[PDB]
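Pasting a structure below so you can have a look.
First chain written, first letter: the chains are A, B, C, D, E and F, and each begins at residue 1.
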Amino acid sequence: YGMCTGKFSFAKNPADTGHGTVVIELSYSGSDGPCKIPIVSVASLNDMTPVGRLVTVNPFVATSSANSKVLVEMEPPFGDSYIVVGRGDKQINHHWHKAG
Amino acid sequence: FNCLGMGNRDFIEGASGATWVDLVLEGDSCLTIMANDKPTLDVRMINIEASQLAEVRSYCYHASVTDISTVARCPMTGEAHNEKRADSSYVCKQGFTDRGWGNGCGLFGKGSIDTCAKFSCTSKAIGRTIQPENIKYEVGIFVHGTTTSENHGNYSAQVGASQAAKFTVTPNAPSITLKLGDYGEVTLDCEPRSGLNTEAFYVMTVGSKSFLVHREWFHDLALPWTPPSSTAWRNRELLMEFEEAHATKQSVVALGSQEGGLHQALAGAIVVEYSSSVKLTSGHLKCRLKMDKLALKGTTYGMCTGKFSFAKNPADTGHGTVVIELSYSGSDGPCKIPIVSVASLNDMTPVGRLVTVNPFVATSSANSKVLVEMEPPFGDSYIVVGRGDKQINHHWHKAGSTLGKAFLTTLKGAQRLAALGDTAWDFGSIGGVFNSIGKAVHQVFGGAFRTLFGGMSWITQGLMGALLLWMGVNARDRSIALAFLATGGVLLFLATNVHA
Amino acid sequence: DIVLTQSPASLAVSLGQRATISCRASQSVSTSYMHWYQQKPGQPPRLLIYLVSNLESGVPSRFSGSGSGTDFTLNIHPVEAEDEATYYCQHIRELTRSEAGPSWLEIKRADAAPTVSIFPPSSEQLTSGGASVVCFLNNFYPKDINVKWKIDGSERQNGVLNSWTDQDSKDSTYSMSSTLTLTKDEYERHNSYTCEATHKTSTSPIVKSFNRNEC
Amino acid sequence: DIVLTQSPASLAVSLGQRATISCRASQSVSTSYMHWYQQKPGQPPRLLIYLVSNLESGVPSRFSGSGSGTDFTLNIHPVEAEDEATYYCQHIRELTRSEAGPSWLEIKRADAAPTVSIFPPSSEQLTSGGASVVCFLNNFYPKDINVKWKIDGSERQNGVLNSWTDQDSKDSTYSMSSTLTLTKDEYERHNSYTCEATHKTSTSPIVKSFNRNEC
Amino acid sequence: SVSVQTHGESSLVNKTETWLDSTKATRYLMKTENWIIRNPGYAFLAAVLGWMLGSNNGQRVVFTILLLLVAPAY
Amino acid sequence: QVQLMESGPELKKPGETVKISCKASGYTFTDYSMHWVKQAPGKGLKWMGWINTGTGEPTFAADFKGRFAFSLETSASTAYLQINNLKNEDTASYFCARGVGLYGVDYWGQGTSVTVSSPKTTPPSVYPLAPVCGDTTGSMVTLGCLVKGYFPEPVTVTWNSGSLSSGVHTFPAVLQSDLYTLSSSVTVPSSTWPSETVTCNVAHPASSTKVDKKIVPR
C-alpha cells in the first residue's frame, strides 16, 4: 500500500502509555484506504527525519472507510519532538512529550 | 498584538541565516522583529488560556458546627456510646466528665462522654487542574508597515492591512502558518506541551476568584476537604474545636472563617480569571517564526515627492528608539517615504536604523498620517526625512551612551539567566557551540543545586550568602573558590535580584 | 453536593411589575458562578444571568440577577408577558452541578371561576362497557381548584382523571377537565354523579352533577 | 447490637405434639447465654431455659432448649394447654440485652366460622346522636379473619372498631366484634349496613347486614 | 494554619503580579522584630550569648541574630 | 451562532439502550465542557453530568454514574449521552449543555425526550361528550371530546376541523395503562349546538387514526 493520501485526524489525542511510548487513534478522512498510513516521529516540523521509532510498524488504514479511526503507536524520543501524521496539507501533527 | 506602547517591548534583531527563528514569546512582552528583506514584525502572546478545567478536589475553608450532642457515661462505663458516629455529618468525640455524687454518678473522680457535634461547612473552596490540551496560546503577531496612531493600535485595521494576526496553538496544533497579505505569510512552530507544566500546579478557586497553587502544596493544605464531586470529608474537625466537659456539657465551635488565611496562604500564587476558561497572563512559550513568505512591498515605490510633517513629535517608547507619526502632504502616495536616521545635517548619511523598515505612504491621500519609528544612536542627532529641500528634520538626543548598553545587557545576562533556568540559554537562539552546552551545563546544574535545597524564600537563601561567603573567607586556596561556588550567583543574585 | 432553593415556586404578576425571584446557596459561599436559566414549557433552557450578577447577551437588562454567595435573587423590574416562564438558578462553584426548584412567572389578572360542565359518558363510550364521566372546569383563574366526584351522595375518588389547561392564552385563566371513569356496571349501579369544583373564586365547590335517572 | 428472631410467631398445635420453636443470634456467636422465657398474657414472663440449653428449676423437662450460638430452639415435645404461652429467647452475650419476636403456642382445633351478628345502634345510642353499628363475630377458628363494613353498597372503613377475644378457652375458637360507628346523620343519610367477614372457614365474606329501612 | 505554609512562592512561569506580592517583603524580619522589640528584656539577654561561646570573634556574632529571629515564632 | 443540536425525541422500551446525540455548532468543539442535564417530565433541571470536550473524558453526577455513557465525536463536533438499560425513569427530556464552565452552561440542546416504556401504538377512543341540563352554562353549551386509550401521544384534536378554537379547551392527554386519554372540551353557545354541528376531529398520527365524533344531544 502506498501513502494514505488524505487528512488524518486524532480520534484520541496522543496519550503516553506510561511505559515510554505513545499511541494515537486516528480518525482518517482519507477514503484512500486500504492504505499505508503516512506518519513519523519528528523532532521539529522543519525536519521530516524520523527521530523516535514506530511502536506499531506499518500503520495501515484497514479499509476505504473515510474518517476510519485507527489506533497506532510509536515511540517519542527523549525530550521534545512532534508526531507528523501524513505529509504536507495532509499532515496533521501533535507535539507530545517524553521526559525520559 | 502589536508592540505599540508595550511596557516591555523588545526588539528581535534579524541575523538572517534562517527565515525561521525560535523565540520565547509571552503575554508580558511584545517582541519586535527587524530583519533584512523583512518588515518590522511584532510578536507577543495575548494571553495563555486553558479552555477547560477539571476539579482535583474541594476544601472547606470555613465550617459550621451544628447540633452539638454529648452522650455522657458514668466512671468505669468506659467507651461512651453515641449513635451519631453512624453519621459522618456528625463529628463524634469520646471523652469523659470526672464525676462526683453531685453529677449523675454514684462514684467519684471519673466518667465518660461521647461528644457528637454534627459537622457542616460554612464556606468551602476548590482547586482545579488544567489539561494541557485545553491550554491555548493567544499570540498577537504583527509587522510594522505604514501605520497611524489608531490603525497600528487598533487590531481591526492591521487585520485588513494584513500586518497583524492572532491565533491559538495547542499540543494538537503546535505550529501555525499565518498569512501577511501584501507581505505574504509566516509560520510559528511552538511547544504547547512545554509552555507550562499543566500538572505543576492547580487552579484554586477561592471566593469567586481562582488561583494557581502547586498541586503538591495544594494537598499540603491542612483543612476540611472534599471528594472532588460531593460530600464525605477529611479533617472536617480541624475547623471545629472542643471544650472542657463541665458535667455533661462540652461544646464544639467552628473556627472563624479562614478565607483571609487562604489569601494569606497565597503569596506567589497568581491571579487567574475564569471566563469560559482561565486566562493566564504570564506567558511562557517557545514558538518558531518562519520569515520566508514574509515579503516587502515598497521595493517598487520611489521617493515620496511631498512635504513630511510631524503628526507626532520625536519621542522614545522607552526602549531606545524614536517614533513619530508623519502627516505626509503629498498625494503621490502610494509612495516610498524617503527617511533616514542622521546625526547632523552636515552629512546626509544615515547613522541609526529603521525600526519600521520601508517607510511608505499607504494611499494617495494627501496629508496622510504615517506612524513610523526608527532607531537613533547614542548622543544627539537629527532625523533627515527625505533629501533636498522637502526634508524636515528634528534634532534628537539619546543619552544611553554606548558603554551603558554593554553594561546593562551584560548585567541583564544574569537577569536573563535567573528565573529562566535552563531556558535562559534559549536567548542563544539558533544555538550551538557555547549555547549548545551552555544549557546542557546549566541543565543538570539548574535541575540540581538551587532546586535541591530549593524551597528557599528571600532571607532563607538571602542570609545564606554572607554565611557561605564567610566560610569562603576562612578556607583553603582551591577550596575557597570551590566553597565560593554556591555563594555567589544562583544564591546571592536572586537574593540581590530581590532588593526589594 | 451543594443545594439551591429558588423562591417562590411561582408568582402571579402584572407585566411591567417588579417580580424578583430569590435563590440561595445552601453550602459554602458559592460567591459568583450562579445563573438564571429561563425555560419556558417544552423548550431547551435559556440562560439569563451569569455569575448570578451578569446578563447573557440575548437576555435584556430587565432581567437582573442579584445576591452574593449564600443568597441570590433574580429580578426583572419590568416582568413581561414575554417574561412569562420558568426560571432556574444554578450554582457553578462546584461539581456537582445542580438547579434550584424554579420560580414561575404567572400573569396576574382578575380571578375567574371555572366553567364546570359534567358530561356523562358518551353513549358511544357506554356501548363499549366503559363509562367515563367527564367534568370540564373551564376558564378559571387562578389555577387553584379541586375536583370532588360524589356518587349516590358517597364521594368517589376512584376512576377520577384530571386534565387541565395552563394559564389560558387569551384570558390567562385556567381550564380543567375532571374525568370520572367508571365501569358501566358501577356507573349503572350508582346514579348521582357529582363533580363539584372548589376554587379561590368560590367559597364553595361549583357543583355539576347528573343522576343517570335524570334524562 | 445483636438481634434475634423466634419462629413461628405462633403455632396452632395439638397439645402433646412436639412444636420446636426456633431462635437465632443475628450477630457474633452468642455462644451460651440465650434464655427461653414463657410469658402467658398479662404476666411477667417466666424464664424457661438458661444458656438456651438448660432448664430452669421450675420449668418441666418437656421444655427443651437447643441450638448453638447463632441459632437456638425451644422444643416442647409434649406441648400443652399449660404450654400455651408467649415464648421469648434472649441473647445475653452482649448488652444491650434484647429479645426475639416471640412464639405463641396455640392449641390446634377444628376450623370454626364466626358467629356474626350486626346490631344497629340501639335507641339508647340513636337518642344520643351517635350511631354505632356493632357486629359481633363469635367463636371462629382460626383467628384469621377480615371484617368489612359495607354501606349502600359502598364499603365504609370509617367508624370501624374491632375487638376480638383470644383463643376461646373452651372451644378454643376466636370471637370478634366488628363495630361501625356513624354520625346518626350519616347513619341516616345512608341505609344498607353490612358487616361482611371473610374467614378461613369460608371462601366468601360471612355477611350480616341490615338496612335502617328494614325493621 | 491557612495563613501559614503559604503557596509563596509559586514561581511557575509567572512574570506578573502574584496574588499577594508586596506581603512577602516584611514577613520574616518585622513580626520577629515586633516580638523582640516587644521583648527587649529578651533581646539583650539573647545577644550576649553569642560573644560567650565559640571564642572565634566573628563567628560568635552569627549565632545571635539568627537566634534572635529563631525564638520569635519558634 | 453557537447552537447545541441533539437527536430527536424517541420512544423506547424498558431494558433498551438509547444514545442521544448533541452536535456542536458555531464554536470550537474542543474548548468547552459539554454537559448533560436531565429534565424529568415533571422534574426541573437535574444535571446529568459533563464530558470533558478536550480529553473526551466524561464526568457524571453520583446519580448518573454507571448507567450513562457520555461520548464525544471530535471532528464533526457531536456530543452524546448514551443511556444503557433503558428504564421508565429514563423517560425524560434530556439536554446537552455547553460549558462556559465555572460560569456554567450557556446554551442547550434543542431538547431530546426519551420515552422508555413497553406499550405499542394504539388508536384513541374518541367520545363526543354531550352536555346535560347543568352543562349548559349561560347561552353556552359546553361540549366535550373524550379521546381515550391511545399510545403514543399526540392526538390532534380539532373541533369541526378546528373551526372551533375559542370555546375549546383540549385537555392534556396523560398516561392510562401506557395509553393516553384526553377529554377535550369546546364551549359553544346553545344557539350553535346542536343547531351547528360540533364534531371533535381527532387525528392520531402515530396510530394514523383520524376520528371525528359529532357531539349530539343525549
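Simple rule for what comes next: a contact is a pair of C-beta atoms (placed from the backbone, for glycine too) under 8 Å apart; a residue touches a chain by one contact, two chains touch by 3 or more.
Novice: On a CA-centroid basis, which chain has its centre farthest from chain A's?
Specialist: D
Novice: Averaging over Cα atoms per chain, report the distance between chain B and chain F in Å.
Specialist: 52
Novice: Measuring from the mean C-alpha position of chain A to the mean C-alpha position of chain D, what distance in angstrom results?
Specialist: For chain A versus chain D, the centre distance works out to 80 Å.
Novice: So what's the Cα centroid distance for chain A and chain B, whole Å?
Specialist: 33
Novice: Name the residues of chain E that each touch 2 or more other chains.
Specialist: none
Novice: Two or more other chains touching the same residue: where does that happen in chain D?
Specialist: none
Novice: Counting only residues that touch at least two other chains, what does the list for chain A look like?
Specialist: Within chain A, residues 10, 13 contact more than one other chain.
Novice: Between which chains does touch occur?
Specialist: A-B, A-F, B-C, B-E, B-F, C-D, C-F
Novice: Could you pull out which chain B residues touch chain C in their complex?
Specialist: For this pair, the touching residues of chain B are 55, 58, 60, 62, 121-126, 205, 207-208, 228-231, 259.
Novice: Provide the residue numbers of chain A that touch chain B in the complex, in ascending order.
Specialist: So the residues of chain A in touch with chain B come to 10, 13, 44-46, 80, 82, 93-97.
Novice: Within the complex, which stretch of chain D touches chain C?
Specialist: Spelled out, the residues of chain D in touch with chain C are 151-154, 189-190.
Novice: Across the complex, what residues on chain C touch chain B?
Specialist: Of all residues in chain C, those touching chain B are 1, 27-29, 31-33, 51, 93-96.
Novice: Which residues of chain C touch chain F in their complex?
Specialist: Against chain F, chain C makes touches at 33, 35, 37, 39, 42-47, 50-51, 56, 86, 88, 90, 92-93, 95-102, 115-125, 128, 130, 132, 134, 136, 138-139, 161, 163-165, 168, 170, 175-177, 179, 208-210, 214-215.
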